[PDB]
Each structure stands twice: as structure tokens, then as C-alpha cells.
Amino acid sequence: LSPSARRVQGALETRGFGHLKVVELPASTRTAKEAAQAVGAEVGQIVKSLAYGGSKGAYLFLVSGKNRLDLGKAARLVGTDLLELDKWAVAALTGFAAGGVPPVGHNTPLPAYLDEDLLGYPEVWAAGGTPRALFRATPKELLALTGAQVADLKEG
């Protein structure tokens, strides 16, 4: 198991959610579609942990794998303009590299929001530190872990 996977696992245990297990998929895995097939889930069940910056501070957005973030709603919700964060800041804030950001274990705890469509499943799969690592959890757990606020975030 990769250093990233191990890091997310330790983070889950330190939070009291040690029963959730980080899983490692075949090197040949890098898109959300690939990840979902490997574990038998729909792409909408994959959770993307998107980080953005604002003059206030940085925020976290958990989006269904089948939706793309509507920056318009995200901003009126946050109350400030939001802009893309480069690679360096993403790692500096979360402690992980873009493309594999998990919803927990961040160096900087971030206010969070959860795509209401994710509550639509019995369980979802979040990133485990790299494109080829995931861990499943029910939406209820994801919310308890992130302390995220449920919200309407996708483009319609």
C-alpha cells in the first residue's frame, strides 16, 4: 500500500473512523470512471474533493463524480469570488497532490460543502491520496467526518 493510502488510513483512524478501509486499485487507474468500475460502483458514487481559494480563506467541495461544480452557486454560498488553486497551494493546504485529494487528513482543516446528489446513495467512494486509492463510506459518515454542509452545487 502506497504512502498516500497509508496516510489517509492513519487519518481515518485518528478521527475514530478506523473501520473505514483505504483500498488500492491497479496501477492503470486514474479517471473516476476507471475507479468506479473496479469496485463495482456508478461514477456518481465517486467523491471528488475540490479545493478553491477566496480572499476570505480556502474551502472544500465534495462533488458527485457525475457532476461538475457550478462555481456560481459555490460562490454565492461562500460569499466571495472563488478561484482555481495551483498545484503548490493544493498540496500545501491539503497535504496531498491534486488529482488525489482525500476529504480528510488535511494540514489545514477546510470549511466544507457536499453535493446533495451524494446523499442519493447507500454508500460512496472517496479518494485515498492518489488516483488509485479509495475508501468507501455512507454519506452519513462522510458528513460526520468532514462536518460538511449539504448543498446544491452542480451545474444544471
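Residues carry their position along the shown sequence, with the first being 1.
Where do the C-alpha atoms have the higher mean temperature factor in this entry, in 24-32 or in 65-73?
24-32 has the higher mean C-alpha B-factor.
Between 90-98 and 114-122, which has the larger average Cα B-factor in the PDB entry?
The entry gives the higher C-alpha B-factor average to 114-122.
I'd like to know which of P103, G44, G129, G54 has the highest C-alpha temperature factor in the PDB entry.
Checking the PDB record, the top C-alpha B-factor among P103, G44, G129, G54 is at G54.
Would you mind checking where the Cα B-factor of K154 ranks among the modelled residues of its chain, as the lowest, middle or highest third?
Its C-alpha B-factor, which the entry lists for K154, ranks in the highest third among residues of this chain.
In terms of the CA temperature factor given in the entry, to which third of its chain does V8 belong: lowest, middle or highest?
Its C-alpha B-factor belongs to the lowest third of this chain's values.
How does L50 rank on Cα B-factor within its chain, lowest, middle or highest third?
Answer is middle: the recorded C-alpha B-factor places it there.
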